[PDB]
file my_file27.cif (mmCIF, C-alpha atoms)
data_query
loop_
_atom_site.label_atom_id
_atom_site.label_comp_id
_atom_site.auth_asym_id
_atom_site.auth_seq_id
_atom_site.Cartn_x
_atom_site.Cartn_y
_atom_site.Cartn_z
CA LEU A 1 -46.72 -49.46 118.41
CA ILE A 2 -46.51 -49.69 114.52
CA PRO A 3 -45.16 -47.01 112.10
CA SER A 4 -48.00 -44.89 110.49
CA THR A 5 -46.59 -41.33 109.88
CA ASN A 6 -44.79 -41.37 106.45
CA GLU A 7 -41.81 -40.00 108.46
CA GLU A 8 -42.01 -43.07 110.79
CA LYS A 9 -42.38 -45.35 107.73
CA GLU A 10 -39.34 -43.86 105.90
CA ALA A 11 -37.22 -44.44 109.08
CA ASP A 12 -38.59 -47.95 109.64
CA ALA A 13 -37.66 -48.77 106.00
CA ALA A 14 -34.05 -47.45 106.45
CA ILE A 15 -33.53 -49.67 109.55
CA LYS A 16 -35.05 -52.73 107.80
CA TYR A 17 -32.77 -51.92 104.77
CA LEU A 18 -29.77 -52.59 107.07
CA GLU A 19 -31.41 -55.52 108.91
CA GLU A 20 -32.35 -57.13 105.58
CA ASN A 21 -29.48 -56.39 103.16
CA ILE A 22 -26.28 -55.38 105.08
CA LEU A 23 -26.33 -57.03 108.59
CA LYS A 24 -28.46 -59.97 107.28
CA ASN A 25 -29.15 -61.65 110.67
CA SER A 26 -25.59 -60.90 112.00
CA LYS A 27 -25.41 -58.77 115.26
CA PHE A 28 -22.79 -55.95 115.43
CA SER A 29 -21.17 -58.37 117.99
CA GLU A 30 -20.54 -60.92 115.18
CA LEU A 31 -18.87 -58.21 113.01
CA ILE A 32 -16.78 -56.77 115.92
CA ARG A 33 -15.25 -60.22 116.70
CA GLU A 34 -14.65 -60.66 112.95
CA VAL A 35 -12.41 -57.47 113.14
CA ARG A 36 -10.87 -58.55 116.48
CA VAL A 37 -9.94 -61.98 115.01
CA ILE A 38 -8.08 -60.32 112.10
CA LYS A 39 -6.37 -57.62 114.26
CA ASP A 40 -5.02 -60.67 116.24
CA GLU A 41 -4.05 -62.62 113.04
CA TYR A 42 -2.10 -59.41 112.17
CA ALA A 43 -0.82 -58.90 115.75
CA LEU A 44 0.91 -62.34 115.48
CA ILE A 45 2.33 -61.56 111.98
CA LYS A 46 4.25 -58.39 113.13
CA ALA A 47 5.38 -60.57 116.10
CA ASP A 48 6.65 -63.32 113.69
CA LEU A 49 8.15 -60.52 111.52
CA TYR A 50 10.18 -58.67 114.24
CA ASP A 51 11.06 -62.11 115.85
CA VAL A 52 12.42 -63.28 112.41
CA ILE A 53 14.60 -60.08 111.97
CA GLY A 54 15.72 -60.90 115.54
CA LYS A 55 17.07 -63.96 113.58
CA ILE A 56 18.70 -62.12 110.54
CA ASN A 57 20.13 -59.24 112.58
CA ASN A 58 22.48 -61.62 114.20
CA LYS A 59 23.34 -63.98 111.44
CA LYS A 60 24.55 -61.18 109.18
CA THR A 61 27.53 -60.83 111.51
CA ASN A 62 27.61 -58.95 104.00
CA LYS A 63 25.42 -61.07 101.64
CA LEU A 64 21.87 -59.66 102.33
CA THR A 65 21.16 -56.16 103.74
CA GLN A 66 18.22 -55.38 101.31
CA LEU A 67 15.92 -57.85 103.28
CA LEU A 68 16.26 -55.54 106.36
CA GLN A 69 14.89 -52.72 104.07
CA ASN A 70 12.67 -54.96 101.77
CA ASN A 71 11.01 -56.30 104.99
CA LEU A 72 10.95 -52.87 106.74
CA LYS A 73 9.09 -51.34 103.76
CA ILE A 74 6.81 -54.25 104.86
CA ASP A 75 6.96 -53.27 108.59
CA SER A 76 5.59 -49.94 107.18
CA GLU A 77 2.99 -51.58 104.80
CA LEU A 78 2.00 -53.81 107.76
CA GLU A 79 1.60 -50.73 110.11
CA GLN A 80 -0.76 -49.18 107.44
CA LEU A 81 -2.87 -52.42 107.33
CA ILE A 82 -2.92 -52.63 111.20
CA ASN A 83 -4.33 -49.12 111.32
CA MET A 84 -6.71 -49.82 108.56
CA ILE A 85 -7.82 -52.74 110.67
CA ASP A 86 -8.20 -50.67 113.77
CA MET A 87 -9.88 -47.89 111.94
CA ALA A 88 -12.41 -50.36 110.74
CA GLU A 89 -13.23 -51.28 114.27
CA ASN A 90 -13.89 -47.71 115.15
CA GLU A 91 -16.42 -47.42 112.26
CA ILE A 92 -18.44 -50.51 113.32
CA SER A 93 -18.62 -48.99 116.86
CA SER A 94 -20.04 -45.76 115.30
CA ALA A 95 -22.32 -48.00 113.21
CA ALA A 96 -23.58 -50.02 116.22
CA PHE A 97 -24.30 -46.72 118.06
CA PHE A 98 -26.22 -44.85 115.31
CA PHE A 99 -28.12 -48.12 114.66
CA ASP A 100 -29.41 -48.59 118.27
CA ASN A 101 -30.05 -44.81 118.32
CA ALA A 102 -32.08 -45.14 115.09
CA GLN A 103 -34.32 -47.86 116.62
CA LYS A 104 -34.73 -45.98 119.93
CA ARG A 105 -35.58 -42.70 118.11
CA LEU A 106 -38.33 -44.54 116.12
CA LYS A 107 -40.01 -46.15 119.16
CA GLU A 108 -39.74 -42.69 120.83
CA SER A 109 -41.38 -40.85 117.85
CA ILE A 110 -44.36 -43.25 117.82
CA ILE A 111 -44.92 -42.96 121.63
CA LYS A 112 -44.44 -39.18 121.48
CA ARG A 113 -47.21 -39.08 118.75
CA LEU A 114 -49.71 -41.22 120.74
CA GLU A 115 -48.81 -39.07 123.87
CA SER A 116 -49.70 -35.89 121.87
CA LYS A 117 -53.16 -37.33 120.88
CA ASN A 118 -54.06 -37.94 124.59
CA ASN A 119 -52.68 -34.54 125.73
CA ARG A 120 -55.20 -33.21 123.14
CA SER A 121 -58.07 -35.34 124.59
CA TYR A 122 -57.24 -34.02 128.11
CA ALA A 123 -57.03 -30.40 126.78
CA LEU A 124 -60.49 -30.80 125.19
CA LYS A 125 -62.16 -32.43 128.26
CA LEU A 126 -60.63 -29.45 130.22
CA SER A 127 -61.90 -26.81 127.68
CA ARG A 128 -65.49 -28.27 128.19
CA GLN A 129 -65.40 -28.34 132.04
CA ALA A 130 -64.30 -24.69 131.59
CA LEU A 131 -67.71 -24.02 129.91
CA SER A 132 -69.76 -26.23 132.34
CA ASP A 133 -68.13 -24.33 135.28
CA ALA A 134 -68.98 -20.95 133.63
CA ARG A 135 -72.57 -22.25 133.13
CA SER A 136 -72.79 -23.51 136.75
CA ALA A 137 -71.45 -20.09 137.90
CA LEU A 138 -74.30 -18.49 135.81
CA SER A 139 -77.05 -20.83 137.10
CA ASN A 140 -76.14 -19.72 140.69
CA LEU A 141 -76.17 -15.99 139.84
CA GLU A 142 -79.60 -16.49 138.11
CA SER A 143 -80.91 -18.30 141.25
CA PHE A 144 -79.45 -15.72 143.73
CA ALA A 145 -80.96 -12.86 141.66
CA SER A 146 -84.49 -14.52 141.82
CA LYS A 147 -84.30 -14.63 145.70
CA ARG A 148 -83.43 -10.91 146.09
CA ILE A 149 -86.88 -9.28 146.29
CA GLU A 150 -89.19 -11.67 148.27
CA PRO A 151 -87.30 -10.82 151.50
CA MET A 152 -86.99 -7.05 151.06
CA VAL A 153 -90.75 -6.86 150.45
CA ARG A 154 -91.79 -9.30 153.24
CA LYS A 155 -89.28 -7.95 155.85
CA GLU A 156 -91.17 -4.68 156.59
CA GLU A 157 -94.58 -6.42 156.85
CA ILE A 158 -93.17 -8.88 159.47
CA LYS A 159 -91.44 -6.00 161.37
CA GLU A 160 -94.96 -4.47 161.62
CA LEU A 161 -96.81 -7.70 162.68
CA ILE A 162 -94.19 -7.83 165.48
CA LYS A 163 -94.60 -4.08 166.23
CA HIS A 164 -98.31 -5.02 166.69
CA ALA A 165 -97.70 -8.23 168.67
CA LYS A 166 -95.91 -6.39 171.56
CA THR A 167 -98.74 -3.79 171.53
CA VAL A 168 -101.40 -6.51 172.37
CA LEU A 169 -99.10 -7.78 175.21
CA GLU A 170 -98.61 -4.31 176.80
CA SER A 171 -102.45 -3.72 176.47
CA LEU A 172 -103.39 -6.69 178.78
CA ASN A 173 -101.30 -5.08 181.59
CA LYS A 174 -104.24 -2.56 182.00
CA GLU B 1 -45.47 -16.65 124.90
CA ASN B 2 -48.61 -17.74 122.87
CA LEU B 3 -51.55 -18.00 125.39
CA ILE B 4 -54.53 -16.87 123.18
CA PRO B 5 -57.37 -19.45 122.75
CA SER B 6 -57.65 -21.12 119.25
CA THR B 7 -59.71 -24.36 119.47
CA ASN B 8 -63.47 -23.81 118.84
CA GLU B 9 -64.05 -25.09 122.43
CA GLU B 10 -61.49 -22.63 123.91
CA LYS B 11 -63.29 -19.67 122.29
CA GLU B 12 -66.72 -21.06 123.40
CA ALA B 13 -65.49 -21.09 127.06
CA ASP B 14 -63.44 -17.84 126.77
CA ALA B 15 -66.57 -16.20 125.23
CA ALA B 16 -68.80 -17.52 128.08
CA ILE B 17 -66.30 -16.36 130.74
CA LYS B 18 -65.60 -12.94 129.06
CA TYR B 19 -69.40 -12.37 128.87
CA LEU B 20 -69.97 -12.68 132.67
CA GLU B 21 -66.75 -10.63 133.08
CA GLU B 22 -67.63 -7.59 130.90
CA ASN B 23 -71.40 -6.83 130.97
CA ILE B 24 -72.23 -8.51 134.39
CA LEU B 25 -69.17 -8.55 136.81
CA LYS B 26 -68.49 -4.90 135.86
CA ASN B 27 -72.36 -4.49 135.98
CA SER B 28 -72.20 -5.86 139.65
CA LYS B 29 -69.04 -7.12 141.57
CA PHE B 30 -68.63 -10.35 143.71
CA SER B 31 -67.62 -8.46 146.93
CA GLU B 32 -70.53 -5.96 146.59
CA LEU B 33 -72.91 -8.89 145.86
CA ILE B 34 -71.90 -10.70 149.13
CA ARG B 35 -72.10 -7.62 151.44
CA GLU B 36 -75.59 -6.81 149.94
CA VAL B 37 -76.79 -10.22 151.29
CA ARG B 38 -74.69 -10.24 154.52
CA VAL B 39 -76.64 -7.02 155.47
CA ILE B 40 -80.23 -8.35 155.01
CA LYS B 41 -79.13 -11.73 156.52
CA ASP B 42 -78.12 -9.60 159.54
CA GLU B 43 -81.43 -7.62 159.39
CA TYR B 44 -83.53 -10.89 159.50
CA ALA B 45 -81.33 -11.99 162.43
CA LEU B 46 -82.37 -8.85 164.48
CA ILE B 47 -86.05 -9.58 163.62
CA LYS B 48 -85.77 -13.27 164.67
CA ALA B 49 -84.19 -11.89 167.86
CA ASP B 50 -87.03 -9.37 168.31
CA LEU B 51 -89.66 -12.20 167.91
CA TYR B 52 -88.01 -14.84 170.16
CA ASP B 53 -87.76 -12.01 172.75
CA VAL B 54 -91.50 -11.17 172.63
CA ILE B 55 -92.50 -14.87 172.78
CA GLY B 56 -90.48 -15.27 176.00
CA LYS B 57 -92.24 -12.23 177.55
CA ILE B 58 -95.57 -13.80 176.36
CA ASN B 59 -94.78 -17.30 177.65
CA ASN B 60 -93.72 -15.64 180.92
CA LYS B 61 -96.80 -13.42 181.43
CA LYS B 62 -98.87 -16.55 180.58
CA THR B 63 -96.88 -18.89 182.88
CA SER B 64 -97.28 -16.50 185.88
CA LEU B 65 -100.99 -15.78 185.14
CA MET B 66 -101.84 -19.52 185.16
CA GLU B 67 -101.48 -19.43 188.95
CA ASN B 68 -104.93 -17.68 188.81
CA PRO B 69 -106.45 -19.54 185.80
CA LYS B 70 -110.19 -19.23 186.66
CA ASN B 71 -109.74 -15.49 187.54
CA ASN B 72 -107.49 -14.82 184.45
CA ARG B 73 -109.25 -16.88 181.74
CA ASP B 74 -109.83 -14.23 179.02
CA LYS B 75 -106.30 -12.83 179.75
CA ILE B 76 -104.75 -16.32 179.22
CA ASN B 77 -106.82 -16.92 176.01
CA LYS B 78 -105.70 -13.57 174.47
CA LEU B 79 -102.14 -14.67 175.46
CA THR B 80 -102.38 -18.19 174.02
CA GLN B 81 -103.88 -16.99 170.70
CA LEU B 82 -101.12 -14.36 170.67
CA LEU B 83 -98.37 -16.94 171.29
CA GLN B 84 -99.77 -19.47 168.71
CA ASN B 85 -99.78 -16.50 166.23
CA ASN B 86 -96.10 -15.71 166.85
CA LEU B 87 -95.05 -19.37 166.21
CA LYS B 88 -96.91 -19.10 162.81
CA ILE B 89 -94.93 -15.86 162.17
CA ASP B 90 -91.65 -17.41 163.44
CA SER B 91 -92.21 -20.35 161.01
CA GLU B 92 -92.54 -17.94 158.00
CA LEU B 93 -89.59 -15.90 159.35
CA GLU B 94 -87.62 -19.21 159.30
CA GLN B 95 -88.09 -19.90 155.56
CA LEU B 96 -87.08 -16.29 154.67
CA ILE B 97 -83.93 -16.79 156.79
CA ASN B 98 -83.23 -20.06 154.87
CA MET B 99 -83.94 -18.49 151.49
CA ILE B 100 -81.35 -15.86 152.43
CA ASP B 101 -78.79 -18.51 153.56
CA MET B 102 -79.04 -20.22 150.18
CA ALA B 103 -78.77 -16.88 148.45
CA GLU B 104 -75.44 -16.38 150.38
CA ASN B 105 -74.35 -19.99 149.49
CA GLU B 106 -75.38 -19.61 145.82
CA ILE B 107 -73.43 -16.32 145.12
CA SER B 108 -70.39 -17.92 146.89
CA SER B 109 -70.68 -20.95 144.48
CA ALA B 110 -71.11 -18.49 141.58
CA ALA B 111 -67.58 -17.26 142.51
CA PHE B 112 -66.22 -20.81 143.01
CA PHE B 113 -67.35 -22.05 139.54
CA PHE B 114 -66.20 -18.72 137.97
CA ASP B 115 -62.70 -18.98 139.47
CA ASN B 116 -62.48 -22.69 138.44
CA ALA B 117 -63.77 -21.83 134.94
CA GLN B 118 -60.82 -19.36 134.57
CA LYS B 119 -58.26 -21.97 135.88
CA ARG B 120 -59.88 -24.77 133.82
CA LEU B 121 -59.49 -22.82 130.53
CA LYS B 122 -55.81 -21.83 131.29
CA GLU B 123 -55.09 -25.52 132.10
CA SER B 124 -56.51 -26.73 128.72
CA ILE B 125 -54.57 -24.13 126.60
CA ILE B 126 -51.40 -25.41 128.38
CA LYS B 127 -52.34 -29.08 127.54
CA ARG B 128 -52.97 -28.03 123.89
CA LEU B 129 -49.55 -26.32 123.49
CA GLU B 130 -48.11 -29.31 125.45
CA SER B 131 -49.63 -31.82 122.95
CA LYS B 132 -48.72 -29.40 120.08
CA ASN B 133 -45.05 -29.40 121.24
CA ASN B 134 -45.04 -33.22 121.74
CA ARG B 135 -46.38 -33.89 118.16
CA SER B 136 -43.68 -31.48 116.91
CA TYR B 137 -41.06 -33.54 118.90
CA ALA B 138 -42.48 -36.88 117.56
CA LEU B 139 -41.65 -35.57 114.04
CA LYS B 140 -38.11 -34.45 114.93
CA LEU B 141 -37.60 -37.95 116.46
CA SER B 142 -39.04 -39.70 113.36
CA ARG B 143 -36.31 -37.82 111.33
CA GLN B 144 -33.27 -38.24 113.66
CA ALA B 145 -34.13 -41.96 113.51
CA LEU B 146 -33.65 -41.90 109.70
CA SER B 147 -30.51 -39.68 109.93
CA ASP B 148 -29.19 -42.20 112.48
CA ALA B 149 -30.07 -45.08 110.05
CA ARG B 150 -28.02 -43.34 107.32
CA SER B 151 -25.00 -42.42 109.50
CA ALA B 152 -25.10 -46.15 110.36
CA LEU B 153 -25.14 -47.26 106.68
CA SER B 154 -22.23 -44.81 105.89
CA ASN B 155 -20.15 -46.23 108.80
CA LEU B 156 -20.88 -49.84 107.77
CA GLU B 157 -19.53 -49.13 104.22
CA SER B 158 -16.40 -47.34 105.55
CA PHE B 159 -16.01 -50.37 107.84
CA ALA B 160 -16.67 -52.80 104.96
CA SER B 161 -14.15 -51.19 102.57
CA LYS B 162 -11.41 -50.51 105.12
CA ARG B 163 -11.14 -54.23 106.10
CA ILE B 164 -10.56 -55.44 102.47
CA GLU B 165 -6.85 -54.79 101.79
CA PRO B 166 -6.12 -56.16 105.29
CA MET B 167 -8.08 -59.31 104.50
CA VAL B 168 -6.53 -59.70 101.08
CA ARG B 169 -2.79 -59.27 101.87
CA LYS B 170 -2.97 -61.46 105.05
CA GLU B 171 -1.82 -64.89 103.72
CA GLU B 172 0.19 -63.01 100.98
CA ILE B 173 2.50 -61.69 103.79
CA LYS B 174 2.41 -64.94 105.88
CA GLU B 175 4.03 -66.82 102.88
CA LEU B 176 6.42 -63.81 102.32
CA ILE B 177 7.60 -64.14 105.98
CA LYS B 178 7.96 -67.97 105.95
CA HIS B 179 9.70 -67.99 102.51
CA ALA B 180 12.30 -65.62 104.12
CA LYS B 181 12.40 -67.96 107.25
CA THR B 182 13.74 -71.08 105.35
CA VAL B 183 16.21 -68.81 103.37
CA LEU B 184 17.64 -68.10 106.91
CA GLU B 185 17.78 -71.87 107.97
CA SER B 186 19.92 -72.59 104.80
CA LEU B 187 22.68 -70.15 103.54
#
call {"tool": "encode", "arguments": {"input": "my_file27.cif", "output": "structure tokens"}}
result
Amino acid sequence: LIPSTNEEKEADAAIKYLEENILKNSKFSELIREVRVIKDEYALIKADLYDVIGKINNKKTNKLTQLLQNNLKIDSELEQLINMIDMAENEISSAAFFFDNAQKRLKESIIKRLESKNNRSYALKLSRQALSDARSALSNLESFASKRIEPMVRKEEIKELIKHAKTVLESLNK
Amino acid sequence: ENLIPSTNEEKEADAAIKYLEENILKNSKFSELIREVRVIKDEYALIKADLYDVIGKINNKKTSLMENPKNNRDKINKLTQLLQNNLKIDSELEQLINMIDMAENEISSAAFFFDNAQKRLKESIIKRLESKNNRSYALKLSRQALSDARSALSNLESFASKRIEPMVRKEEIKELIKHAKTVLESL
């Protein structure tokens, strides 16, 4: 079940490259929750933010109006970061997928290769029984052909001996 | 589409099979060969019949004539010798009948093996192409695997890079909120 084809090796290496350097003993699970945590951390910020303009939008009824727009520029900047954060999650989904699919594909290749070696064994065994059968077939013909003549020859002689036998029998009745 | 034999062993069998086909089974056919026997089989049957018939007529003359055994001695001796003779013949007739049965069996097995032969070959060439295809697939798989491994790396980097600014401005904006919070408590 171990990579031999250079093609199987090169794949193996690529998967290990991720296992060894990038993931480094950290399941996709671990990384997903890492993103989830921070999307929450950010969820609660925008909450705080809108809640705390819920507090200025009443107490300005100026002195400050620029805060509304200073910290709405934010509300924008924040929206960007929240979508960066969600976009990130999408990627690590794609990652997870292509990763599993890499590993599966590599098991599959190896199996498929071993399968193809057997299929060849069976083919060969079959291509030899094919001869054997054609040699059996011949052995019978050869036999059959060496039984043809004995009868044809003998068969008249017998017919006569019997011709004669019924002669003798009819002769007594005299 | 490809169905032609390649492997040395395929040609060896194809050759063997084609050889019986061309210069023998055109030379003499398997239906012809059977009827040829199933005639003489049927001729030896009539002769067995003819013999068994005479023997009866013998046995019977002899049976009847033994109710005058002293008066019919020579007669009965002729008849016994005759009857003993026909068993000897019958016995030889029997082997010839058997010989001919085998002959019939053989030629029928000739066919059997020959048919199988043809099927057996076909069935190998299939398994070859099958294993050919599979090995082909194995490769394709070995390469999708790698292409998967790369698409995975590419995603992980997009993922890695995308989460930075988010990570880096987090507490920056926390303090920027809560600075603005106290500036609301006191005015």
call {"tool": "closest_residue", "arguments": {"input": "my_file27.cif", "among": "B:56, B:5, B:166, B:69", "to": "chain A", "atoms": "all atoms listed in the file"}}
result
B:166
call {"tool": "resolve_selection", "arguments": {"input": "my_file27.cif", "expression": "the PyMOL selection byres ((chain B and resi 90) around 10)", "output": "list in words"}}
result
residues 158 of chain A; 47, 48, 51, 52, 55, 84, 85, 86, 87, 88, 89, 91, 92, 93, 94, 95 and 96 of chain B
call {"tool": "closest_residue", "arguments": {"input": "my_file27.cif", "among": "B:126, B:138, B:13, B:25", "to": "residue A:129", "atoms": "all atoms listed in the file"}}
result
B:13
call {"tool": "closest_residue", "arguments": {"input": "my_file27.cif", "among": "A:11, A:6, A:168, A:39", "to": "residue A:89", "atoms": "all atoms listed in the file"}}
result
A:39
call {"tool": "resolve_selection", "arguments": {"input": "my_file27.cif", "expression": "the PyMOL selection byres ((chain A and resi 113) around 9)", "output": "PDB file with C-alpha atoms, keeping the file's coordinate frame"}}
result
ATOM      1  CA  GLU A 108     -39.740 -42.690 120.830  1.00  0.00           C
ATOM      2  CA  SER A 109     -41.380 -40.850 117.850  1.00  0.00           C
ATOM      3  CA  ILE A 110     -44.360 -43.250 117.820  1.00  0.00           C
ATOM      4  CA  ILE A 111     -44.920 -42.960 121.630  1.00  0.00           C
ATOM      5  CA  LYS A 112     -44.440 -39.180 121.480  1.00  0.00           C
ATOM      6  CA  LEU A 114     -49.710 -41.220 120.740  1.00  0.00           C
ATOM      7  CA  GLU A 115     -48.810 -39.070 123.870  1.00  0.00           C
ATOM      8  CA  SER A 116     -49.700 -35.890 121.870  1.00  0.00           C
ATOM      9  CA  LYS A 117     -53.160 -37.330 120.880  1.00  0.00           C
TER      10      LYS A 117
ATOM     11  CA  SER B 131     -49.630 -31.820 122.950  1.00  0.00           C
ATOM     12  CA  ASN B 134     -45.040 -33.220 121.740  1.00  0.00           C
ATOM     13  CA  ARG B 135     -46.380 -33.890 118.160  1.00  0.00           C
ATOM     14  CA  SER B 136     -43.680 -31.480 116.910  1.00  0.00           C
ATOM     15  CA  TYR B 137     -41.060 -33.540 118.900  1.00  0.00           C
ATOM     16  CA  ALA B 138     -42.480 -36.880 117.560  1.00  0.00           C
ATOM     17  CA  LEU B 139     -41.650 -35.570 114.040  1.00  0.00           C
TER      18      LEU B 139
END
call {"tool": "resolve_selection", "arguments": {"input": "my_file27.cif", "expression": "the PyMOL selection byres ((chain B) within 7 of (chain A))", "output": "PyMOL selection string"}}
result
chain B and resi 9-10+13+16-17+47+51+54+75+96+99+103+106-107+109-111+113-114+116-117+120-121+124-125+127-128+130-132+134-135+138-139+141-146+148-149+151-152+155-156+158-159+162-163+166+174+177+181
call {"tool": "atom_distance", "arguments": {"input": "my_file27.cif", "atom1": "atom CA of residue B:81", "atom2": "atom CA of residue B:46"}}
result
23.8 Å
call {"tool": "atom_distance", "arguments": {"input": "my_file27.cif", "atom1": "atom CA of residue A:32", "atom2": "atom CA of residue A:51"}}
result
28.3 Å
call {"tool": "atom_distance", "arguments": {"input": "my_file27.cif", "atom1": "atom CA of residue B:176", "atom2": "atom CA of residue A:77"}}
result
12.9 Å
call {"tool": "decode", "arguments": {"input": "my_file27.cif", "residues": "stretch 75-138 of chain A", "atoms": "C-alpha atoms", "output": "compact mmCIF listing (two decimals), in the first residue's frame"}}
result
# COMPACT_ATOMS: atom_id res chain seq x y z
CA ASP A 75 -18.56 50.49 9.93
CA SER A 76 -17.35 50.22 6.27
CA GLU A 77 -13.70 49.22 7.15
CA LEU A 78 -15.22 46.71 9.63
CA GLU A 79 -17.59 45.25 6.91
CA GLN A 80 -14.47 44.74 4.66
CA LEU A 81 -12.64 42.88 7.51
CA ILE A 82 -15.80 40.77 8.29
CA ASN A 83 -15.89 39.67 4.67
CA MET A 84 -12.22 39.08 4.60
CA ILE A 85 -12.82 36.90 7.62
CA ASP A 86 -15.63 35.01 6.00
CA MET A 87 -13.81 34.69 2.76
CA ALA A 88 -11.01 33.08 4.65
CA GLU A 89 -13.35 30.47 5.95
CA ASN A 90 -14.47 29.59 2.49
CA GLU A 91 -10.81 29.00 1.42
CA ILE A 92 -10.04 26.59 4.31
CA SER A 93 -13.21 24.63 3.32
CA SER A 94 -11.83 24.40 -0.28
CA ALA A 95 -8.46 23.48 1.28
CA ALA A 96 -9.92 20.73 3.52
CA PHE A 97 -11.76 19.28 0.47
CA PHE A 98 -8.85 19.20 -2.05
CA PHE A 99 -6.68 17.79 0.79
CA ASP A 100 -8.93 14.77 1.59
CA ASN A 101 -9.41 14.36 -2.18
CA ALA A 102 -5.61 14.34 -2.63
CA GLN A 103 -5.19 11.52 -0.06
CA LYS A 104 -8.12 9.50 -1.47
CA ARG A 105 -6.83 9.88 -5.07
CA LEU A 106 -3.38 8.53 -3.96
CA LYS A 107 -4.74 5.42 -2.17
CA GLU A 108 -6.96 4.92 -5.27
CA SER A 109 -4.00 5.19 -7.75
CA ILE A 110 -1.97 2.58 -5.82
CA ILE A 111 -4.92 0.10 -5.63
CA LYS A 112 -5.80 0.75 -9.28
CA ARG A 113 -2.12 -0.15 -10.18
CA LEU A 114 -2.07 -3.41 -8.15
CA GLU A 115 -5.58 -4.22 -9.66
CA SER A 116 -4.09 -3.78 -13.20
CA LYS A 117 -1.20 -6.24 -12.42
CA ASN A 118 -3.71 -8.99 -11.41
CA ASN A 119 -6.06 -8.29 -14.37
CA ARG A 120 -2.87 -8.99 -16.41
CA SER A 121 -2.18 -12.28 -14.52
CA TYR A 122 -5.81 -13.39 -15.17
CA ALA A 123 -5.54 -12.35 -18.89
CA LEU A 124 -2.35 -14.45 -19.22
CA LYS A 125 -3.73 -17.56 -17.40
CA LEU A 126 -6.75 -17.18 -19.82
CA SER A 127 -4.51 -16.80 -22.96
CA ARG A 128 -2.81 -20.16 -21.97
CA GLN A 129 -6.06 -22.13 -21.31
CA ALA A 130 -6.98 -20.81 -24.79
CA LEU A 131 -3.96 -22.77 -26.19
CA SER A 132 -4.50 -25.89 -23.96
CA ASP A 133 -8.16 -25.99 -25.14
CA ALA A 134 -7.03 -25.68 -28.82
CA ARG A 135 -4.51 -28.52 -28.13
CA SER A 136 -7.17 -30.68 -26.39
CA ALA A 137 -9.50 -30.01 -29.39
CA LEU A 138 -6.61 -31.25 -31.66
